[PDB]
Amino acid sequence: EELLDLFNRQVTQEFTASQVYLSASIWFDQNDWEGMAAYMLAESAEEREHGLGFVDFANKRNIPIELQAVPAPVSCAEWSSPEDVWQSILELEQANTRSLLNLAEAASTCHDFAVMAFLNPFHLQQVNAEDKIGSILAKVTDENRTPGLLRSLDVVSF
Amino acid sequence: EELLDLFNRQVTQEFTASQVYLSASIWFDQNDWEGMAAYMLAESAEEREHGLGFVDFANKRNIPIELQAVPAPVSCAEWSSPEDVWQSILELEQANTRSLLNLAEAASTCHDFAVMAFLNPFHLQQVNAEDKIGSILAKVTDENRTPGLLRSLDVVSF
Amino acid sequence: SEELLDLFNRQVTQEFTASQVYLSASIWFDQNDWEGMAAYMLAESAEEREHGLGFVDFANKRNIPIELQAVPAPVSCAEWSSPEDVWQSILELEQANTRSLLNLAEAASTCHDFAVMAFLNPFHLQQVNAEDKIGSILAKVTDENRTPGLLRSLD
Amino acid sequence: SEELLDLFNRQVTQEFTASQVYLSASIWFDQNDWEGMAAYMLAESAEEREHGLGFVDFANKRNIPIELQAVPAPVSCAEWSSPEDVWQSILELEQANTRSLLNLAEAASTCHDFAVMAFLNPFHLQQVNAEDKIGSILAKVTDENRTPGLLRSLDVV
Amino acid sequence: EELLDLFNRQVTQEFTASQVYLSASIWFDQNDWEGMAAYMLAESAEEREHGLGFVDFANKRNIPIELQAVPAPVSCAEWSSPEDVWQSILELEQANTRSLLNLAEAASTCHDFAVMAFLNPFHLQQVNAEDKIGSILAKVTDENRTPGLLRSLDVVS
Amino acid sequence: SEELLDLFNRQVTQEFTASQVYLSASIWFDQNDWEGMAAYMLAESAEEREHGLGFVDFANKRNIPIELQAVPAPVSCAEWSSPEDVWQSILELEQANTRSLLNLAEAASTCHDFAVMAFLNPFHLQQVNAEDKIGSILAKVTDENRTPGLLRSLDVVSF
Ligand SMILES: [Fe+3]
Ligand SMILES: [Fe+3]
Ligand SMILES: [Fe+3]
Ligand SMILES: [Fe+3]
Ligand SMILES: [Fe+3]
Ligand SMILES: [Fe+3]
């Protein structure tokens, strides 16, 4: 079953994203962006919570879950500035949205109304996540035009 | 794109509805039905809030909103009793409902799960609204069979 | 449209039917001195009645004619002889409850009745939880009843 | 004795029957935009079910075997055309409810079943109150319904 | 009466300004200036409240009100930066002020003391509004001389 | 010190690996209607992840570069068929967690890295408590499961 493999994968995607968020916190912390680091860390925990929510529903609905490996984050090796980090995070959220939409498609094809109902809050959370990340990225990109100015986004606002 | 156009039209319909409700408040106040007036004023505000909720979601989801003219209400030229006003308000809500349904249809066809999730509470609200306005119109039509009687219940209820 | 309106009317019957079966289970348990299991069944009986009354309220608001049907006599109680038999029947009840909701949602879907489908969502998720809760209780009951008297300690 | 046990089972059914009849009254009232009277009937529907539950509880304690019967479909609601028709059916229902409790009490009395007679006492008094209140409402409805629209006033109370 | 047509006009002008504020909110939100967007959204609501205030007064004083179309905001098509938006909003407020002054003019010629009294707080509100928009626009125009810096006005409020 | 810097990195991986193993135990228990044991495992999964994050934080402060590695898929779950099997695996996991900390501490001792040793101290004591508590639960489980049904009683009662 496709629906069931995709549900598994979704758990994996949430934990993958949690680890990518953690990688972002690390790069920020190492480069003394403690505000952006705390934001990424908080998002890491929340992504893990989403994974757990998927796990709990699957268990209730007798969808067998077998935990997969959580792949090592790869984009950190390339990051040179906060702009690069926030852009990777945007891509991560876009990919998170795409995987949920694929899972919803499979559910819709199966007439699985319970799964579709379960996913609705996630669909709306993704809209809010891509908007928030996108907006932060816009701010960072604008402020990084003047040397040192972005270092005030961090200290003040986050 | 059909879903962008319909999403924009939904915004217009909410604000059109807001103005129609305001027109109703005005007719009521000018004819000394202050309770019925207060109710229409409350609704006018709430319809505008729905509109703002659509705009907010559209902004987040990158659906470009271009605000359109809000047309002049016209039913208020033909009103001559409260019954006429409540009947037009029922028909407004029926058109608000139809319009949400067209939107949902477009989103369904596009497999736009986030838009469909967003609309759900509005579908349920429209059930409530058509029911509440139907009920008031029934009461108005019944009480208006005895002279003076309708007036005694603007003054009490509302 | 006719099919959707009659399935909605028959969902009310299903909810009340399930209420009565829960009540039946409560009775068997009380008669056989399982007051803890009887209390649980009595609470679910009230809750299934409330679900019915939710369906009724919604139909009234959406102008779906409701005509209340006979609520059938519960019949599994004639054959229950252990708690296990009762909880197995309640599990079957919930699985049937789930299928009737899914059929209704299937007819709404066909009719493009977005409002009805939205109404049903919380109920689909409630049935997921109900089947899981019942299934778990039955697993426990089945395991504990392997030793004489032990199940009496769960109650 | 057999007859007493029969009648006790029956009473449970009668309570749940009346619960459904009150629900049918709520429905007709809601459908016809009498939300106040519909609220009233809904609350009574709940209450009748609680009475039935109290009989089941007692029977279980006293080892009167109960076996739940079908709850018949309400029938009056097909022919109601105005609130007067509904309140009239509900008065009859309560009148019927009183008769079955009195019959059950007769059977208990013949058996010298003092515990059953004691259990029934608060219900006999509740039935007096119920018939009084329903009768009183029916009287208002029937009076106020002589002026078009005036009964809609009662409902907003 | 010109006095009556101008009073109706004024309602349309308050609602037009509400819609124009809403269009500025949208442009800001779409361009990730969430602080400016919130500010414009609150002003949109307040202009609607002013309109509603004129409507209520007109009803009380038997000034027949007939609601006009609220035209579509047009400046938003050409905005490219926050400076452009704020400049349009200043122009809206200036227009808002002239219209109130024209209404007061008509009221004065008619010796309509009640309308003049009703308008007093709005005249003083407009002085405040022009001053406040003018001051934000001066900050915006100054800060936008250094790339990124304006993005700090938004974030700090 | 590269040995030190690698072992520290590997310790993060070990804490997150343990987090996932505890999640897998939680899942087994839930699937098999042991909701009390499943809650306990879930709690422990969060706690191990917290330890991992504490090691990350200290590394960042101390300029020990952390590069996150793959967190391996739990595999003991395939073999579990009773709660005893699950708790046995979790004992062995903790024993492994203990050995990894001790090896890290050895490396820090060789390097005279007093700050790393001081940092590890609370974890060494936590590991004593952890092994003791899992070992104790495993003893109870093993005893109660000698009578059919009895172990259920103590998922539902206790936990
Ligand atoms: Fe997520
Ligand atoms: Fe609306
Ligand atoms: Fe149910
Ligand atoms: Fe009764
Ligand atoms: Fe103004
Ligand atoms: Fe650890």
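Calculation notes
- Here, residue numbers run from 1 along each chain following its sequence as written; these need not agree with the numbering used in the entry, and residues that have no coordinates do not appear.
- Written order determines the labels here, with chains lettered from A and ligands numbered from 1.
- Scope of values: limited to the chains shown, which are part of a larger assembly.
- With hydrogens and water excluded, all non-hydrogen atoms of the structure serve as input to the side-chain values.
- UniProt positions are given in the numbering used here, feature names are shortened, and annotations may be inferred rather than shown by experiment.
- Runs of H or I in DSSP of at least four residues are treated as helices and runs of E of at least two as strands, each being numbered from the N terminus.
- Exposure classes here rest on a 1.4 Å probe applied to the protein chains alone. A residue is buried below 20% of its type maximum, exposed above 50%, and partly exposed in between.
- Using a 1.4 Å probe, accessible areas were evaluated by the Shrake-Rupley method; residue-level cover was limited to the displayed protein chains.
- When charges are counted, neither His nor the chain ends are considered; positive counts come from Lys and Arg and negative counts from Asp and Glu.
- Positions of charges follow a simple convention, taking NZ of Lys, CZ of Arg, CG of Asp or CD of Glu.
- Water is not part of the atom set, so a site may look incomplete; the donors themselves are N, O and S atoms within 2.8 Å of the metal, or 3.2 Å for Na, K and Ca.
- Residue contacts are counted whenever heavy atoms from the two residues lie within 4.5 Å of one another.
- What counts as buried area is the accessible surface, traced by a 1.4 Å probe, that two parts surrender upon association, with contributions from both included.
- When a carboxyl oxygen of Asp or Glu is within 4 Å of a side-chain nitrogen of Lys or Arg, the pair counts as a salt bridge.
- Polar contact is the term for a pair of N or O atoms within 3.5 Å; when the atoms are in protein, one must be able to donate a hydrogen and the other to accept it, and sequence-neighboring residues count only if both atoms are side-chain atoms.
- Surface patches are defined over residues having more than 30% relative accessible area and no salt bridge, joining like charges when they lie within 9 Å and nonpolar side chains (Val, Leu, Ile, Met, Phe, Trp, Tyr) when within 5 Å.
- The rule is short: rings of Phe, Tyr and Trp, with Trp giving its six-membered ring, pair when the centres are within 6.5 Å, and they are stacked under 30 degrees, edge-to-face over 60, tilted in between.
- Each copy is overlaid on the others through least-squares superposition based on its C-alpha atoms.
- When residues are sorted by character, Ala, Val, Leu, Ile, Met, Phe, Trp, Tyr, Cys and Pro go into the nonpolar class, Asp, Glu, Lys and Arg into the charged class, and all the rest, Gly among them, into the polar class.
- What the arc covers is the set of directions going from the helix axis to the C-beta atoms.

The PDB entry lists chain F under the name Ferritin, with Pseudo-nitzschia multiseries given as the organism. As stated in UniProt under Catalytic activity (unreviewed entry), the record for chain F gives "4 Fe(2+) + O2 + 4 H(+) = 4 Fe(3+) + 2 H2O". Database annotation for chain F, UniProt heading Function (unreviewed entry): "Stores iron in a soluble, non-toxic, readily available form. Important for iron homeostasis. Iron is taken up in the ferrous form and deposited as ferric hydroxides after oxidation."

As recorded in the PDB entry, chain E goes by the name Ferritin, listed as coming from Pseudo-nitzschia multiseries. Listed under Function (unreviewed entry) in UniProt, the entry text for chain E is "Stores iron in a soluble, non-toxic, readily available form. Important for iron homeostasis. Iron is taken up in the ferrous form and deposited as ferric hydroxides after oxidation."

*Asks:* What am I meant to see in the overall build of chain F here?
*Replies:* When helices and strands are tallied, chain F shows five helices and zero strands. Counting helices and strands in the order they occur from the N terminus, chain F gives α-α-α-α-α. Principal axes of the C-alpha set define a box for chain F whose edges measure 55 × 25 × 20 Å. In chain F, buried positions account for 50% of the 159 residues. As presented, chain F carries roughly 7300 Å² of accessible surface, and 53% of it is formed by carbon and sulfur atoms. On chain F, the mean spot of the 9 positive side-chain charges and the mean spot of the 25 negative ones are 3 Å from each other.

*Asks:* Explain the coordination of the iron ion (ligand 3) here, please?
*Replies:* A metal bound by six donors in octahedral fashion has ideal angles of 90 or 180 degrees, whereas one bound by four tetrahedral donors has an ideal angle of 109.5 degrees. All names here are of chain C. Distances from the iron ion (ligand 3) to its protein donors, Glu-15 (OE) and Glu-48 (OE), fall within 2.2 Å. Here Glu-15 is found in helix 1 (residues 2-31), whereas its partner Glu-48 is found in helix 2 (residues 35-61), with 33 residues between them in sequence. Owing to a relative accessible area of 2%, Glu-15 belongs among the buried residues under this scheme.

*Asks:* Looking at this model, I keep getting lost on the interface of chain B and chain A. Mind explaining?
*Replies:* Note on interface size: it is often stated as the accessible area lost on association of the parts. Across the contact, 10 residues belong to chain B and 10 residues belong to chain A. Of the roughly 850 Å² buried where chain B meets chain A, counting both sides, 69% is carbon and sulfur surface. Counting the surface chain B buries against chain A, the share from its top three residues, B:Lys60, B:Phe113 and B:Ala117, is 63%. Inspection of the region where chain B meets chain A yields zero salt bridges. Inspection of the chain B/chain A interface yields two residue pairs in polar contact. Of all elements in the fold, only helix 2 (34-60) and helix 4 (113-143) of chain B reach the threshold of two or more residues within the side of chain B that touches chain A. Of the residues forming the side of chain B that touches chain A, the biggest block, five residues, is contributed by helix 4 of chain B.

*Asks:* Got a minute to help me understand a nonpolar patch on the surface in this structure?
*Replies:* On the surface, A:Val155, A:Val156 and E:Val156 cluster together to form a nonpolar patch covering roughly 310 Å² of accessible area. Mapped onto the elements, A:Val156 comes out in helix 5 (residues 150-157). Relative accessible area serves as the criterion here: at 54%, A:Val156 is assigned to the exposed category.

*Asks:* I keep staring at the arrangement of the chains and nothing clicks. Help me out?
*Replies:* Between chain D and chain E there is no contact; the minimum C-alpha to C-alpha separation amounts to 28 Å. Chain D makes no contact with chain F; the smallest distance between any of their C-alpha atoms is 28 Å.

*Asks:* Where do I start with the pattern of salt bridges in this structure?
*Replies:* Pairs can form between side chains of opposite charge whenever their charged atoms are close. All names here are of chain A. Inspection of every chain in the model, using the stated rule, returns 24 salt bridges over all chains. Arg-9 is the salt-bridge partner of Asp-5, the closest N and O atoms lying 3.8 Å from each other. Of this pair, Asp-5 and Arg-9 are both found in helix 1 (residues 2-30), four residues apart, which corresponds to roughly one turn of the helix. Residue classification places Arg-9 among the partly exposed positions, given a relative accessible area of 44%.

*Asks:* Help me understand the packing of aromatic side chains, please; the structure alone is not making it clear to me.
*Replies:* One pair of aromatic rings is described through two measures. These are the centre distance and the angle between the planes. Inspection of every chain in the model, using the stated rule, returns 66 aromatic pairs over all chains. Ring centres 5.2 Å apart and planes at 80° place the aromatic pair B:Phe54 and B:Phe118 in the edge-to-face group. Highlighted residues: B:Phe54 in helix 2 and B:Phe118 in helix 4, separated in sequence by 64 residues. You'll find B:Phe54 and B:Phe118 in the same group, each marked buried. Judged by centre distance (5.3 Å) and plane angle (50°), the ring pair of F:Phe8 and F:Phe55 falls under tilted. With F:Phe8 in helix 1 (residues 2-31) and F:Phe55 in helix 2 (residues 35-61), the pair connects residues that are 47 residues apart, well separated along the chain. Residue classification places F:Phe8 among the buried residues on the basis of a relative accessible area of 0%. The buried category is assigned to F:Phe55, whose relative accessible area is 0%.

*Asks:* When you look at the relation of the copies chain B and chain A in this model, what are you seeing that I'm missing?
*Replies:* One copy of the chain maps onto the second through a rotation about an axis and a displacement along it. Rotating chain B by 120° and moving it 0.1 Å along the rotation axis overlays it on chain A with an RMSD of 0.2 Å. Taken together, the rotation and translation describe the operation of a three-fold axis. Considering only C-alpha atoms, the residue of chain B closest to the rotation axis is B:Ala117, which sits at 5.0 Å.

*Asks:* What should I look at first to understand the coordination of the iron ion (ligand 5) in this one?
*Replies:* Residues and elements named next belong to chain E. Distances from the iron ion (ligand 5) to its protein donors, namely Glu-14 (OE) and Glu-47 (OE), fall within the range 2.3 Å. One end of the pair, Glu-14, is in helix 1 (residues 2-30); the other, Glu-47, is in helix 2 (residues 34-60), with 33 residues separating them in the sequence. Residues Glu-14 and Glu-47 agree in their burial class; the two are buried.

*Asks:* Which parts of the structure should I look at to understand the environment of C:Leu7?
*Replies:* Residue and element names in this part refer to chain C. Take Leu-7: it is sitting in helix 1. Residues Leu-7 and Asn-103 lie 96 residues apart in sequence; the distance between their C-alpha atoms is 8.2 Å. For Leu-7, the contacting residues outside a window of four places in its chain are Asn-103, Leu-104 and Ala-107.

*Asks:* How should I be thinking about the interface of chain A and chain F in this particular structure?
*Replies:* Contacts between chain A and chain F engage 24 residues on the former and 24 residues on the latter. The junction of chain A with chain F conceals about 1800 Å² of combined surface from both sides, 61% of it contributed by carbon and sulfur atoms. Joining chain A to chain F, the criterion identifies zero salt bridges. Broken down by secondary-structure element, the contributors of at least two residues to the side of chain A that touches chain F are helix 1 and helix 2 (34-60) of chain A. Tallying contributions element by element places helix 1 of chain A first for the side of chain A that touches chain F, with eight residues. Its residues placed into classes, the side of chain A that touches chain F shows 15 nonpolar, seven polar and two charged.

*Asks:* Just to check I follow, could you spell out helix 5 of chain A for this structure?
*Replies:* Residues lying three or four places apart along an α-helix face the same way, a consequence of the helix completing one turn every 3.6 residues. Restricting attention to buried positions, one finds in helix 5 of chain A the residues A:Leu150, A:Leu153 and A:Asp154. In a view along the axis of helix 5 of chain A, the buried residues occupy a sector of 90°, so they form one face of it. Away from its buried face by more than 90 degrees, helix 5 of chain A exposes A:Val155 and A:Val156. Close packing links the buried residues of helix 5 of chain A with helix 2, helix 3 (82-109) and helix 4 (113-143) of chain A together with helix 5 (150-155) of chain E.

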